[PDB]
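**Q**
Protein chains in written order, with full-length UniProt numbering: chain B, 2 to 279; chain C, 10 to 57, 77 to 279; chain Z, 10 to 58, 76 to 279.
So this is what it looks like as structure tokens:
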């Protein structure tokens, strides 16, 4: 196992397994974008860049008697994306490890949770805004997406009207699949009032149209939201290496570790995204 | 055949799963078997008997796989991307649902919302409480007066389906739970219908059915410029035998 | 017969299912067995509050449909299942005729029906548009039936209009009138299109009050080839015996 990878590690196989379990459990509870985006299978270390095809037009099926000789294919542009690396560091102290070993006390993996939280926050930020250095577009700044302006959401019923208008805008472009809604926390809290007309909570009424769930993320500030047509053919996440931990070697009698992963986001059809902005 | 049998199997499964998750009409309409390729037209007897002939149409959509990506896939031993196949399969299902709910004006095939001999019900303002229940009850009464007492299915536009999500006055229950026992075959919604429209249909293979010749399938169009084009196709048609067993909630 | 055993079995199954899902009277009325074809008349003793014996003649109900040789030839060539569609229409028509005979009798054979027998109770209904009136009317009808030493499980049959009018919310109550009505009527509430307007019937069920004598159930017969086509006929022989006319209350306008 991980002991073979780092034979000079203070921990044992059980401790490494517990650390990995803690890291993955902390990562799972914090990842928002992975709740409605499919994962392209783990490729491996044999790749360092990916290819993305961006479409600009949509064609529908045809009805005929026997068929046709010509083949109709939409025009697409090919681009190259560089897979970035995201990582964080934490330290374990020798005195605490020795005391736990001599007292037969379970080891406290608290810094690993903070490292995993920071890595997850960085990944969410990259997904929702893109990497400026590598020039990778994000959900809220892609080119060719639809834009909607929201009104005053303090008055009851306005949010439902805005969501309906965004859905109509997305539907007029031959997009009928299930939708997902992501909001800033300030707007998310405003949906927990009582709809006077229907005598129900506004969030419950909104959840009827958005059948893939409504989520909120802290990376969005102020009045900000996005409506996305869920589908593998529309957007995807390519993962080279998932969340993992590495031992950096002893230094100053203290043992540092690193938590790292390599992911990227591919947007195929920018027309399947609507952004609700102030 | 650039792909081996495993890749073809995954392609077929991907197309089938993508199509099945989107189809609405197949959830409450029976199929008249996979007849085969030996038939090209069907006969319908409207029992009011009048015999008509319907020509079975063909629905298809094409996509393409490139060879560089495939070769890299076998080189690196990684799963093959099939996003284009799913994107193609979605549109075929959408077109099939549109044809089922509105028919083809060029093939001269009636749809559920425009067939002759049906019943029409004018709905009221659904923004209040209880109006939807009254409208559904009246539509079911109209259907019942025509010697039709069987399982019923209700299909609504998303706007009306959302409007149904309210509180039934004086009983403190959701109206949807008060409708699900009258309409014992379920309530469905589909984006095909626009505005405030709906349909109530008495199910049963003796009232209406779907005749299919070839189900969803994939065909290789042959190599072209070292690439690989593919086609996704199917041949289906809808027969309505008792037009009186349909009530359209219009506005 | 052009059909083999399998097609005959399928035809019988289709006719049986169509008849079973369409018959209303058979839901709350007992059957006096399959008697057979050795009996052509029955005896009914009416108790009036004594016994009067009356001879009833068993009628025959039938309807004909046809299969076209071109369709069976095409189905045989293409190896596709045959289409038994006219049989469903014939079975539906026969069932409708039987229900009409049960609820109104035959004037030719002077057999009384449920809504026109002599020695029954009649109740005049009010305006059922207002909430609560129907509950009061049903309660009063059951009270009328109660002061006759009749307390068995009751059954209610209504016209579709009255049946639909009953699906509102009871005034000053959370529940609908359907539940309150079904509380009193423990044998179910049925509706049929045979009744027209605002009419209904409340019947104290039981073998000793009324029953059905069936000499031959639903069956199919081959009439022989004609014009290369194939006609068939669906038929049955039933009759209704009412023994205690006092156990019926008819709601009329």
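The beta-carbon is built from N, C-alpha and C at its ideal position, and this holds for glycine as well.
Along the chain, where does the alpha helix (DSSP H) containing residue 161 (chain C) start, and where does it finish?
**A** Here the question's residue 161 (chain C) lines up with position 133 in the second chain. Residue 161 (chain C) -> alpha helix (DSSP H) spans 159-172.
**Q** Give me the subset of the segment 191-214 of chain B whose CB atoms are less than 8 Å from a CB atom of chain C, sorted by chain position.
**A** 198, 199, 200, 201, 205, 206, 209 and 210
**Q** Using a Cβ-Cβ distance cut-off of 8 Å, determine whether residue 114 (chain Z) contacts chain C.
**A** Here the question's residue 114 (chain Z) lines up with position 88 in the third chain. It does; some Cβ of chain C falls within 8 Å.
**Q** Taking 8 Å as the cut-off, does the segment 225-243 of chain Z touch the segment 256-271 of chain Z (at least 3 CB pairs, one atom from each stretch)?
**A** yes
**Q** Go ahead and label residue 104 (chain B) buried or exposed: buried means 16 or more other beta carbons lie within 10 angstroms of its beta carbon, across all protein chains shown.
**A** Along the first chain, read from residue 1 onward, the residue named residue 104 (chain B) stands at position 103. Exposed is the call here.
**Q** Do you know whose CA, among B:61, B:25, B:188 and B:4, lies nearest residue 174 (chain B)'s CA?
**A** Within the first chain, residue 174 (chain B) is the residue found at index 173, counting from 1. When each option's Cα is compared against that of residue 174 (chain B), the closest is B:61.
**Q** Please specify which runs of the beta strand (DSSP E), each continuous and at least 3 residues long, are wholly inside the segment 208-253 of chain C, giving them in chain order.
**A** 215-217, 226-230 and 236-248
**Q** Classify residue 196 (chain Z) as helix, strand or coil using the three-state DSSP reduction.
**A** Taking the first residue of the third chain as 1, we reach residue 196 (chain Z) at position 170. Of the three classes helix, strand and coil, the one that applies to residue 196 (chain Z) here is coil, per DSSP.
**Q** What in chain Z is Cβ-close to residue 165 (chain C), meaning under 8 Å?
**A** Mapped onto the second chain, residue 165 (chain C) falls at position 137. What residue 165 (chain C) touches in chain Z: 190 and 193.
**Q** Please work out which residues of its chain come closer than 8 Å, Cβ to Cβ, to residue 32 (chain B), disregarding the five sequence neighbours upstream and downstream, and give them in chain order.
**A** Here residue 32 (chain B) refers to the residue found at position 31 when the first chain is read from its first residue. Excluding sequence neighbours, residue 32 (chain B) sits near 121, 124 and 125.
**Q** Would a check of beta-carbon distances place residue 219 (chain Z) closer than 8 Å to chain C?
**A** By one-based count along the third chain, residue 219 (chain Z) stands at place 193. It does; some Cβ of chain C falls within 8 Å.
**Q** Quick one: residues in its chain with C-beta nearer than 7 Å to the C-beta of residue 199 (chain Z), no 5 flanking neighbours on either side, listed in chain order?
**A** Against the third chain, residue 199 (chain Z) aligns to sequence position 173. No residues qualify anywhere along the chain.
**Q** Could you tell me whether the segment 75-87 of chain B touches the segment 136-149 of chain C, using the rule of 3 or more Cβ pairs below 8 Å?
**A** no
**Q** Taking residue 186 (chain Z) as the query, report the chain C residues whose CB atoms sit under 8 Å from its CB, ordered along the chain.
**A** Looking up residue 186 (chain Z) in the third chain gives position 160. For residue 186 (chain Z), the residues of chain C that pass the 8 Å Cβ criterion are 169, 172 and 173, in the order they occur in the chain.
**Q** Express the C-alpha separation of residue 227 (chain B) and residue 151 (chain B) in angstroms, rounding to a whole number.
**A** Within the first chain, residue 151 (chain B) is the residue found at index 150, counting from 1. Within the first chain, residue 227 (chain B) is the residue found at index 226, counting from 1. When rounded, the distance between both Cα atoms is 12 Å.
**Q** Measuring only between beta-carbons, confirm whether residue 119 (chain B) sits less than 8 Å from chain C.
**A** Position 118 of the first chain holds residue 119 (chain B). Residue 119 (chain B) does not count as touching chain C.
**Q** Please classify residue 254 (chain Z): is it buried, with 16 or more other beta-carbons within 10 angstroms of its beta-carbon, or exposed?
**A** The residue you call residue 254 (chain Z) lines up with position 228 of the third chain. Classification for residue 254 (chain Z): exposed.
**Q** Residue ranges of each beta strand (DSSP E) run of no fewer than 3 residues wholly in the segment 99-155 of chain C, ordered along the chain?
**A** Taking only runs of at least 3 residues, the beta strand (DSSP E) segments lying wholly in the segment 99-155 of chain C are 147-150.
**Q** Between the segment 240-251 of chain B and the segment 43-54 of chain B, do at least 3 Cβ pairs fall closer than 8 Å?
**A** yes
**Q** Does any CB atom of chain Z fall closer than 8 Å to the CB of residue 44 (chain C)?
**A** Position 35 of the second chain, counted from the first residue, corresponds to residue 44 (chain C). It does; some Cβ of chain Z falls within 8 Å.
**Q** Alpha carbon to alpha carbon, how far is residue 158 (chain C) from residue 197 (chain B)?
**A** Residue mapping note: residue 158 (chain C) aligns to position 130 of the second chain, counting from 1. Residue mapping note: residue 197 (chain B) aligns to position 196 of the first chain, counting from 1. Approximately 16 Å between the Cα atoms of the pair.
**Q** Taking Cβ-Cβ distances shorter than 8 Å, what residues in chain Z pair up with residue 53 (chain C)?
**A** On the second chain, residue 53 (chain C) is found 44 positions in, with the first residue counted as 1. Simply none; closest approach about 10 Å.
**Q** I'd like to know if residue 106 (chain Z) contacts chain C, where contact means its C-beta is closer than 8 Å to some C-beta of that chain.
**A** Walking along the third chain from the start, residue 106 (chain Z) turns up at place 80. So yes, residue 106 (chain Z) belongs to the interface.
**Q** If you reduce the DSSP assignment to three classes, tell me which class residue 204 (chain B) lands in.
**A** Within the first chain, residue 204 (chain B) is the residue found at index 203, counting from 1. Three-state DSSP puts residue 204 (chain B) in a helix.
**Q** Mark residue 96 (chain C) as exposed unless 16 or more other C-beta atoms lie within 10 angstroms of its C-beta, in which case mark it buried.
**A** As a working mapping, residue 96 (chain C) is identified with position 68 in the second chain. Residue 96 (chain C) should be labelled exposed.
**Q** Which whole-angstrom value is the C-beta distance of residue 50 (chain C) and residue 64 (chain B), which I expect to be below 8 Å?
**A** As a working mapping, residue 50 (chain C) is identified with position 41 in the second chain. As a working mapping, residue 64 (chain B) is identified with position 63 in the first chain. In this structure residue 50 (chain C) does not touch residue 64 (chain B) by the C-beta definition: roughly 16 Å separates them, more than the 8 Å allowed.
**Q** Restricting to Cα atoms, I'd like to know which of C:187, C:57, C:108 and C:119 is closest to residue 17 (chain C).
**A** Reading the second chain from its first residue, position 8 is the one you call residue 17 (chain C). Distances from the alpha-carbon of residue 17 (chain C) to those of C:187, C:57, C:108 and C:119 put C:108 closest.
**Q** Span of the alpha helix (DSSP H) holding residue 189 (chain C)?
**A** Working through the second chain from its first residue, we reach residue 189 (chain C) at position 161. Segment 186-191, the alpha helix (DSSP H) holding residue 189 (chain C).
**Q** Starting from residue 4 (chain B) and walking both ways along the alpha helix (DSSP H), at which residues does that stretch end?
**A** Taking the first chain and counting its residues from 1, the one referred to as residue 4 (chain B) is at position 3. 3-6 is the span of the alpha helix (DSSP H), which, as asked, contains residue 4 (chain B).
**Q** I'd like to know whether the C-beta atoms of residue 207 (chain Z) and residue 273 (chain Z) end up nearer to each other than 8 Å.
**A** Sequence index remark: in the third chain, residue 207 (chain Z) carries index 181 (1-based). Sequence index remark: in the third chain, residue 273 (chain Z) carries index 247 (1-based). Not in contact: residue 207 (chain Z) and residue 273 (chain Z) (Cβ atoms no closer than 8 Å).
**Q** Report yes if the CB atom of residue 221 (chain Z) is closer than 8 Å to the CB atom of residue 164 (chain Z), and no otherwise.
**A** As a position in the third chain, residue 221 (chain Z) is number 195, starting the count at 1. As a position in the third chain, residue 164 (chain Z) is number 138, starting the count at 1. Not in contact: residue 221 (chain Z) and residue 164 (chain Z) (Cβ atoms no closer than 8 Å).
**Q** Under the DSSP definition of a beta bridge, which residues are partnered with residue 79 (chain B)?
**A** By 1-based counting over the first chain, the position of residue 79 (chain B) is 78. Per DSSP, B:54.
**Q** Please tell me whether residue 122 (chain Z) has its Cβ less than 8 Å away from any Cβ of chain C.
**A** Residue mapping note: residue 122 (chain Z) aligns to position 96 of the third chain, counting from 1. Answer yes: the Cβ-Cβ gap between residue 122 (chain Z) and chain C drops below 8 Å somewhere.
**Q** Per DSSP, which one or two residues make a beta bridge with residue 72 (chain B)?
**A** For the purposes of this step, residue 72 (chain B) is taken as the residue at position 71 of the first chain. According to DSSP, residue 72 (chain B) bridges with nothing at all.
**Q** So with Cβ pairs under 8 Å, would you call residue 151 (chain C) a contact of chain Z?
**A** Walking along the second chain from the start, residue 151 (chain C) turns up at place 123. No, no contact with chain Z.
**Q** Does at least one heavy atom of the ligand FMN sit under 7 Å from the Cβ of residue 228 (chain Z)?
**A** The model on display carries no ligand, and the ligand FMN is accordingly not part of it.
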